[PDB]
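# Working through the structure, step by step
Spelled out from the first residue to the last, the chains are:
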Protein chains: 2
Amino acid sequence: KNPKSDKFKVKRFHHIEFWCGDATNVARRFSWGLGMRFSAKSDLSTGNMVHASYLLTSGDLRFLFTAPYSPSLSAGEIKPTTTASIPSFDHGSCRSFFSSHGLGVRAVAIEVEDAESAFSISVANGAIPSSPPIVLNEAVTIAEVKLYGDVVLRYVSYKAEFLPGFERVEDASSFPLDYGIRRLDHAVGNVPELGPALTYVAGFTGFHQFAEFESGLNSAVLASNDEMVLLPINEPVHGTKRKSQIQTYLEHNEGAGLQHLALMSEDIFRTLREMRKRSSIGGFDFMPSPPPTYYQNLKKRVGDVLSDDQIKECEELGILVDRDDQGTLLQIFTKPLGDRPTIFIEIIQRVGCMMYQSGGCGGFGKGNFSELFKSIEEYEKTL
Amino acid sequence: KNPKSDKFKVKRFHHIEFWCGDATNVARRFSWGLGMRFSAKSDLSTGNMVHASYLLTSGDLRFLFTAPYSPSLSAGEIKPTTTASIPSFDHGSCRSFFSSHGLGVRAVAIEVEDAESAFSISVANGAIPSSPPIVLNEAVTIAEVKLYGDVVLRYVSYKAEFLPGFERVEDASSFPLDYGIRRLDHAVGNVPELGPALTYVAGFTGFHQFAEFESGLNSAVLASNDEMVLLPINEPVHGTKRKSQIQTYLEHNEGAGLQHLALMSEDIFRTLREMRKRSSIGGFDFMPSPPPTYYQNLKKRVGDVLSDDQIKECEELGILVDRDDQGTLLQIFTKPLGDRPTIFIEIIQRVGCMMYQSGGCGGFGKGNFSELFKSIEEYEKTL
Ligand SMILES: O=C1C(O)=C([C@H]2CC[C@H](c3ccc(Cl)cc3)CC2)C(=O)c2ccccc21
Ligand SMILES: O=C1C(O)=C([C@H]2CC[C@H](c3ccc(Cl)cc3)CC2)C(=O)c2ccccc21
Ligand SMILES: [Co+2]
Ligand SMILES: [Co+2]
């Protein structure tokens, strides 16, 4: 059931912004590790005396990395005379965010029909304002409201390449890396209490619950009208045996924040081959693979969707597989992206739900909990 | 003239410590860009609740990358009960350093015969104490004094692998990258006033002036007894036509600090080939190459040291060449390592002065200023 109750016209995920201490080094690591190319910049060389911002792209996926310069470079400026290309940026907020959370997502940006209207309607419906709408070069409008913790939901709207004040990156500096990643599928937050977080966000967006099919947490998913903007939220489940990874996150992050980004690949086998080749030479590490008993049980679950050769290829790369009632999902998780056990990345590919592919095809993998536990039991029995 | 006036026994450069906001991402970028392997760690997985520290090595070169965790993880601890593996570390100092300077060198560490004696003699002779000697697991002693700006000179001494509390990195996580870099040759500071900086440091070390052979700056070099620990210092020259790059550094760094690290390669052609292949895929960029007229003048200067084939190989890679009265120097400079136009790296190889090779063989390249200017004039004439 999709009531299509969006309070303003939402299009697609637009970009994710990381707040960094040094944007150069994080962006270069991510570029190599994920196969994203350098496509735009806003920094001292472009006249920005406030922040250094570097944009990576792969297909439709846009990762922005921003760090502050010394406030002394822009001490004469006021907001009317700022050289910042992102007017919501504030040195104090950025330094406070990073000292509090370390490397993490500051903004989940969605493209909307009219960012000023989205902002007004959102705040009229309970959203906590973070940055009021501002029009950039009479071309783009940007506004921000709080989402959870210190993460903001950023509205972007275009009258008619990233943002004014950003420069195209000279092709000699822009190597065409591509491991197959094509778009952001979903962005997941961790909170202390799921209920109030859901009520708040669904309250001001009109996003509806997406609805699914005991260890770790409780979650739920909010979705836009066409279910292309997907925002899951997790809360911990306390008092288990094995400590909730959601609670570990909240401790090490100093509170709520973005837990993981799920990136859709047009060929998850190629993506995982390319990323795993680079894990020990600057790229990203992946979580430990499930036991072969897990893959020794995949034939009985998705043997009609993947050949035995494709299932053995899943086993080589450590891919997990889950299944909805309309689709099938292939997924895998990285280890945390930075020093703290907080944010990580998921690589995903979905098969089914063709009409274009509808959003959320196959679910989010929650059936992999029971499957993994069964795998462990069976493997211990075979030991 | 080498008066050999060291006030305590100094051995060799031991390590350089960068203070970071996220040590993981900087260390992975540097590892790939420079061809250094991951060899030790001290972090949450080793019981360190205070800081994340990752050690990269290439030959004898040791780069340490450190970032703070949330203070809340170690809120119960006191200095007697600390889980930090580097007892001089302080969350407040590290966050203040990084917000003030961005990514940069916090410590230039030298191995000494007795770090407690070095510290006492240094402070007795004018050094400003930064961290008093502390003995780690009855095995290693570490102490720190201020060097310039917020950079410290760190003394390390061993009774008899990096530091207690650091763990060997599991070989699966430790890929054996190597582009030929083998040791730190020199470490250079930028200061507002050269005279007082020299007086202070030579005052407490007993290091002597190393002594050489109009645009940018004035410099001088302090050296240990065998001239294997080399510490150049630069000051700006004001009132030129083209603004001093030393003054630009001081502005963007918010004051004095470490300007560049010069890394000796056992094969500078292989190193530069390997680093340049990776410049646009996560590694380091190099400064623009001198005009071919420069290389069209190398035969008349070092034609007796390098064949014409080796000189054309210098031209491909953009290497500069200078010459002492005892040796010849091959060198090249990276673009700044991070967001700010502050710290960069120099790759160097020295030929001559065999007895082992004596330190500073060939000088530091200061003759390349005049040579480059002449190159520009000649190239403009040929245009
Ligand atoms: O986005 C996700 C998501 O990524 C998982 C994940 C959690 C980890 C699970 C898992 C990972 C690895 C193994 Cl070996 C077993 C299970 C797989 C599904 C969920 O369970 C989930 C539930 C509800 C809404 C969204 C989501
Ligand atoms: O360590 C150095 C050093 O690295 C340079 C450098 C400065 C930049 C010069 C240069 C670089 C590039 C070109 Cl195209 C021309 C000159 C080469 C020497 C010095 O001039 C110097 C002088 C005195 C003590 C130490 C040092
Ligand atoms: Co997910
Ligand atoms: Co030098």
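### So, the interface of chain B and chain A
Counting residues at the interface gives 43 residues for chain B and 43 residues for chain A. Taken together, both faces of the contact between chain B and chain A bury some 3,200 Å²; the carbon and sulfur share is 52%. Contact with chain A buries area across many residues of chain B, yet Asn25, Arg28 and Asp339 of chain B alone supply 23% of it, more than any other trio. Summed over the shared surface of chain B and chain A, the number is 2 salt bridges.

### Some points on the site of ligand 1
Residue and element names in this part refer to chain A. Residues in contact with ligand 1 amount to 17 residues; listed here are only the nearest, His186, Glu212, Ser219, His260 and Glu346. At 3.2 Å from an oxygen atom of ligand 1 is found a side-chain nitrogen or oxygen belonging to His260. In the model, an oxygen atom of ligand 1 is placed 3.2 Å from a nitrogen or oxygen of the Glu346 side chain. In the complex, 81% of the free accessible area of ligand 1, which totals 550 Å², lies under the protein chains. Of all the elements in the fold, those that place two or more residues in the shell around ligand 1 are strand 10 (181–190), strand 12 (217–223), strand 16 (327–333) and helix 10 (368–382).

### Some remarks on the sheet that holds strand 4 (residues 61–68) of chain A
Residue and element names in this part refer to chain A. Taken in spatial order, the 9 strands line up as 6-7-8-5-1-4-3-2-9 in an open sheet, and their pairing is mixed. Here the strands that pair on one side only, and so sit at the sheet edges, are strand 6 (129–136) and strand 9 (167–168). Across 8 bridges, strand 3 (residues 51–58) lies against strand 4 in antiparallel orientation. Bridge assignment links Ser58 to a residue of strand 4, and that residue is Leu61. Lying over the sheet, helix 3 (residues 115–124) contacts strand 5 (104–112), strand 6, strand 7 (140–148) and strand 8 (151–158), oriented at roughly 30 degrees with respect to strand 7.

### What to know about the domain arrangement of chain A
Many analyses report the size of an interface as the accessible area lost when the parts associate. All names here are of chain A. When the domains of chain A are assigned, the result is domain 1 (10–173) and domain 2 (181–380). Spacing between the C-alpha centres of domain 1 and domain 2 amounts to 26 Å. Each partner contributes residues to the interface: domain 1 has 39 residues there, and domain 2 has 40 residues. Here domain 1 and domain 2 share an interface that buries about 3,300 Å² over both sides, 66% of which is from carbon and sulfur atoms. The largest contributions to the domain 1 side of the interface with domain 2 come from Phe13, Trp32 and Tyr148, which together make up 22% of the buried area.

### Notes on the pattern of salt bridges
Under the criterion given, the structure shown has 34 salt bridges over all chains. A salt bridge links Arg28 of chain B to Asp285 of chain A, with the shortest nitrogen-to-oxygen separation between them at 2.9 Å. Here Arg28 of chain B, found in helix 1 (residues 23–34), pairs with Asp285 of chain A, found in the loop between helix 6 (268–277) and helix 7 (292–295), and the two come from separate chains. Judged by its relative accessible area of 13%, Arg28 of chain B falls in the buried class. The exposure class assigned to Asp285 of chain A is partly exposed, which follows from its relative accessible area of 23%. Taken together, the shared-partner salt bridges connect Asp178, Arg182, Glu266 and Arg270 of chain A into one network.

### Points about the site of ligand 2
All names here are of chain B. As a matter of local geometry, ligand 2 sits amid 17 residues, with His186, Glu212, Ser219, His260 and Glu346 nearest to it. A distance of 3.3 Å separates an oxygen atom of ligand 2 from a polar side-chain atom of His186. In this structure, an oxygen atom belonging to ligand 2 sits 3.2 Å away from a side-chain N or O atom of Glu346. Secondary-structure elements contributing two or more residues to the shell around ligand 2 are strand 10 (181–190), strand 12 (217–223), strand 16 (327–333) and helix 10 (368–382). Considering every element that reaches the shell around ligand 2, the biggest residue donor is helix 10, with 3 residues. Looking at the shell around ligand 2 residue by residue, the classes come out as 8 nonpolar, 6 polar and 3 charged.

### Quick look at the coordination of the cobalt ion (ligand 3)
All names here are of chain A. Taken together, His186 (NE2), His260 (NE2) and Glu346 (OE) make up the protein donors of the cobalt ion (ligand 3), found 2.2 to 2.4 Å from the metal. Taken as a pair, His260 in strand 14 (residues 257–265) and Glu346 in strand 17 (residues 344–352) lie far apart in primary sequence, 86 residues in all. Look at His260 and you get buried, because its relative accessible area is 9%.

### What to know about the nonpolar core
When a protein is soluble and globular, its nonpolar side chains tend to lie buried together. Core analysis: the biggest nonpolar cluster contains 170 residues, and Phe18, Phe63 and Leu261 of chain A together with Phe18, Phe63 and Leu261 of chain B have the highest contact counts within it. Setting aside its immediate chain neighbours within four residues, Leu261 of chain A contacts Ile16, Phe18, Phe63, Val105, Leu184, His186, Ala187, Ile343, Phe344, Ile345 and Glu346 of chain A.

### Some thoughts on the relation of the copies chain B and chain A
Aligned on chain A, chain B shows an RMSD of 0.0 Å; the corresponding rotation is 180 degrees and the shift along the axis is 0.0 Å. What we have between these two chains is a two-fold relation. When the interface residues of chain B are mapped onto chain A, 100% of them again fall at the interface, so both copies present the same face.

### Side note on the pairing of strand 10 of chain A
Residue and element names in this part refer to chain A. Of all 10 residues making up strand 10, 9 are buried, and the element is well covered by its neighbours. Here 2 bridges tie strand 10 to strand 13 (residues 230–236), and the two strands are oriented parallel to one another. Its bridge partner lying in strand 13, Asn190 is registered against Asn234.

### Quick look at the coordination of the cobalt ion (ligand 4)
For the cobalt ion (ligand 4), the full set of protein donor atoms is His186 of chain B (NE2), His260 of chain B (NE2) and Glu346 of chain B (OE), and the range of their distances to it is 2.2 to 2.4 Å. Each member of the pair, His186 of chain B as well as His260 of chain B, is classed as buried.

### So, the packing of aromatic side chains
This model, assessed by the stated rule, comprises 31 aromatic pairs over all chains. Centre to centre, the rings of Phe18 of chain A and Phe65 of chain A are 5.0 Å apart; their planes meet at 5 degrees, and the pair counts as stacked. You can see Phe18 of chain A sitting in strand 1 (residues 10–19) and its partner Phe65 of chain A sitting in strand 4, a full 47 residues away along the chain. The residues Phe18 of chain A and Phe65 of chain A share a single accessibility class, namely buried. Taking 5.0 Å as the distance between ring centres and 65 degrees as the angle between the ring planes, the aromatic pair formed by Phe30 of chain B and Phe65 of chain B counts as edge-to-face. Separated by 35 residues along the polypeptide, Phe30 of chain B in helix 1 and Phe65 of chain B in strand 4 (residues 61–68) bring together distant segments of the chain. Of the aromatic side chains, those joined through ring pairs into one cluster are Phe18, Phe30, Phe63, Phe65 and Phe284 of chain A. The ring of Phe364 of chain A carries the charged tip of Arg350 of chain A above its face, separated from the ring centre by 5.4 Å.

### Things to note about unusual backbone geometry
Residues and elements named next belong to chain A. Phi at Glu227 is positive, roughly 65 degrees, even though this residue is not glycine. Looking at the secondary structure, you find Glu227 in the loop between strand 12 and strand 13. Phi is positive for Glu254, close to 55 degrees, though the residue is something other than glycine. You can see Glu254 is positioned in the loop between helix 5 (245–253) and strand 14.

### Looking at the environment of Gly239 of chain A
Residues and elements named next belong to chain A. With respect to the secondary-structure elements, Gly239 resides in the loop between strand 13 and helix 5. Overall, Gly239 belongs to the exposed group, its relative accessible area being 78%. For the pair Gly239 and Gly216, spaced 23 residues apart in the sequence, the C-alpha separation amounts to 9.8 Å.

Procedures and definitions
Here the residue numbering is sequential from 1 along each chain as its sequence is written and may not follow the entry numbering; residues with no coordinates are omitted from view. Lettering of chains starts at A and numbering of ligands starts at 1, both following the order in which they are written. Excluding hydrogens and water, the side-chain figures rest on all heavy atoms present in the structure. Residues with missing side-chain atoms are left out of burial classes, side-chain pairs and their counts. Every residue pair with non-hydrogen atoms within 4.5 Å of one another is taken to be in contact. When two parts are brought into contact, each loses some accessible area as probed by a 1.4 Å sphere; the total of that loss over both is the buried area. Every case where a carboxyl oxygen of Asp or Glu lies within 4 Å of a side-chain nitrogen of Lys or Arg is listed as a salt bridge. Residues are counted as near a molecule or strand when any one of their heavy atoms sits within 4 Å of it. We call two N or O atoms a polar contact when they sit within 3.5 Å, provided that within protein one can donate a hydrogen and the other can accept it, with sequence-adjacent residues counted only if both atoms are side-chain atoms. Note on areas: Shrake-Rupley with a 1.4 Å probe; residue coverage comes only from the protein chains shown. Only runs of H or I of at least four residues qualify as helices and only runs of E of at least two qualify as strands under DSSP, and these elements are numbered from the N terminus. Two strands make a pair as long as DSSP finds a minimum of two bridges between them. Lines fitted to C-alpha atoms define the axes, with helix axes restricted to the stretch in contact, and inter-axis angles between N-to-C directions lie between 0 and 180 degrees. Note that domain bounds follow an automatic or database assignment of domains. Burial classes follow relative accessibility: with a 1.4 Å probe on protein chains only, a residue under 20% of its type's maximum area counts as buried, one over 50% as exposed, and anything between as partly exposed. In this count, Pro and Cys sit with the nonpolar residues alongside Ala, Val, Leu, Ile, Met, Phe, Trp and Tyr, while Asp, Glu, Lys and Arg are called charged and the others, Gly among them, polar. With water excluded from the atoms, a metal site may look incomplete; its donors are any N, O or S atoms within 2.8 Å, or within 3.2 Å for Na, K and Ca. In these notes, a set of buried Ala, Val, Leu, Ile, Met, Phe, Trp, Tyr and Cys residues joined through side-chain atoms within 4.5 Å is what counts as a nonpolar core. All copies sit on top of one another after a least-squares fit of their C-alpha atoms. A pair of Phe, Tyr and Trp rings is counted when the ring centres sit within 6.5 Å of each other, with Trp represented by its six-membered ring. The angle between the planes then sorts it: under 30 degrees is stacked, over 60 is edge-to-face, the rest tilted. Sitting over a ring, as applied to charges here, requires NZ of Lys or CZ of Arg to be within 6 Å of the ring centre and within 35 degrees of the ring normal.

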